[PDB]
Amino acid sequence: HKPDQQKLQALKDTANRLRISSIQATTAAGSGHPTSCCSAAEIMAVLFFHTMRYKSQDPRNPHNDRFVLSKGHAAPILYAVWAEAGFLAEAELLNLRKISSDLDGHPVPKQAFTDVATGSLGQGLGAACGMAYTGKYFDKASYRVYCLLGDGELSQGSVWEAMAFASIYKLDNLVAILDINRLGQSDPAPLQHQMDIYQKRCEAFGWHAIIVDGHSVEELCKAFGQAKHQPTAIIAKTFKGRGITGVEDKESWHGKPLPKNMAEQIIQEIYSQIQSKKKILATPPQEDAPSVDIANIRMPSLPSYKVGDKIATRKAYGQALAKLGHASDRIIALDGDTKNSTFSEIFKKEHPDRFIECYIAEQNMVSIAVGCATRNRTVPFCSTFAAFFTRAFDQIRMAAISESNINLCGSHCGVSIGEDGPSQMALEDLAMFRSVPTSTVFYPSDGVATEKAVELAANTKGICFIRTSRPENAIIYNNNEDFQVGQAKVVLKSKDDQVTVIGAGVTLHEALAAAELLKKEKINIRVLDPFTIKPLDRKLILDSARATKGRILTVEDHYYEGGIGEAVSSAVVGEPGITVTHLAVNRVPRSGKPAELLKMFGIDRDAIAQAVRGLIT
């Protein structure tokens, strides 16, 4: 698939038009990364005007090839290709980085041509893997996926997780293009132009690796055209600032715009090398992506638990997820070699074609989910121990910037796991997920609440987190109980309540046990289950407090900062007559039995009862 002579020259001309646009935009803004754009200009021309198939007036079309700009600071050249393709007006490029424009400093999905935000390096290939996995195994469509990475970027371990994933899953519809321009931000990239080492690394991770001159349209086209039996890495030897005389291949230019006078001079030089004005039209795709049903997802039946039966919420999650897979053909499940502990294995057993084993690689797992959710093709649920979602916080952070709809279930929360000790204990997961701006944080306290959290999460936009627990605890809700995001439940009350005790998961059950102890001493307490920690039901909390002498006690299997107690305090601070006492975990824990650790860390029934007795007196 070698371009003919006219097309070849038109591709070279296109590359130079892209350089000019990148320089013009960044000089107009007074910030940005023209030298990072210029190393990629021939790559971008060949991708957008020779290799890819897409609808230039409908960038989000489900039939289109996908492009992911992993080196997101080259955003101006992404904008430039979409102007060249006729989607964006050329004049709009000059509004790069303005508060009045959507051509922001790094790509974001408010742009029709951007599926995932990038800017935190090393994440784009994982998203691309999810898109390619979806294309091959779910859509079974003809679209291909292309991802452009920098060489400095290849220092990120997340890249190598994605490399390994793509070869395990035989993603022969995925191409990674590595812009080996020798330089990072503040020094040369470690391997510089040792092209052979990059080739060996890619081959060792199972990819077909082709070294090219990244400024040769000819060599680029030959590499893209080769038969593809594996994921393919095009390892492109380039120069940073290519085409900018005196800047090409030099340090001290990363993220530095050309000054006005210099841009004018350089642009005239580049423009003089352009042989024809006639632009290339993109070739349209084969329209073989299937229709996908986006109707509200409804469980096929009510929960079928029995009040008083004991089940851990981790197990209820797996049961509910498997049931959800009968509610929608769009549900997919991902897990990081923990399916026997999170109980996502139950979904795998019933719907194996929609389970993705991600292995021990949580960063990549989140990125796969993000990629699978793009263009609304699937509804992903990822699971591992909640503690290990800390390993993926930047991916989760970027998922919110990507306006992604993913669902994450983290098990084994808190000290109540017992003997494994703190390395496995999630004690900061509420803090982390609450800080994610698009998040909904579910903390189901029994199996019924867990099933309803799964159903609600499936239908809720944004980053949904479900915190599950290891201990078996009693079912306390009837199967017809109606749950909503942002609505708490009062699970014990009387006209004589002296404190409102807010607990969740294991501490809700400890609070109910404390209530039984206290009733023997003629002390009644109101017990409230938040259901969602974010958004928090401020109204029910305050109404409860006002019925209980203004007194609130929050008790949580989590550290003090960023959790339930701080959420509650922040919601009610300043309200007349309201007081809040907080019980949480004050330091790194240790191994012991679950009940022993709840006692040691001051969040068990006897600690709750003592706090209540002290409040009354």
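Position 1 is the first residue in the sequence shown; the rest follow in order.
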Inset, instruction - Check the entry's C-alpha temperature factors for 114 to 122 and 84 to 92, then say which stretch has the higher mean. - result: 84 to 92
Legend entry - Higher-B stretch (mean Cα B-factor, as the entry records it), 268 to 276 or 526 to 534: 268 to 276
Legend entry - Residue selected from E362, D104, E357, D309 by maximal Cα B factor: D309
Inset, instruction - Compare the CA B factors listed in the entry for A458, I466, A282, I168 and report the winner. - result: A282
Inset, instruction - Please rank the C-alpha B-factors of the chain's modelled residues and tell me whether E248 sits in the lowest, middle or highest third. - result: middle
Inset, instruction - Name the third of the chain's ranked CA B-factors that contains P290, choosing lowest, middle or highest. - result: highest
Legend entry - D429 by Cα B-factor - lowest, middle or highest third of the modelled chain: lowest
Legend entry - For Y54, the third of its chain into which the C-alpha B factor falls: highest
Inset, instruction - Tell me, lowest, middle or highest third: where does the Cα B factor of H215 rank within its chain? - result: middle
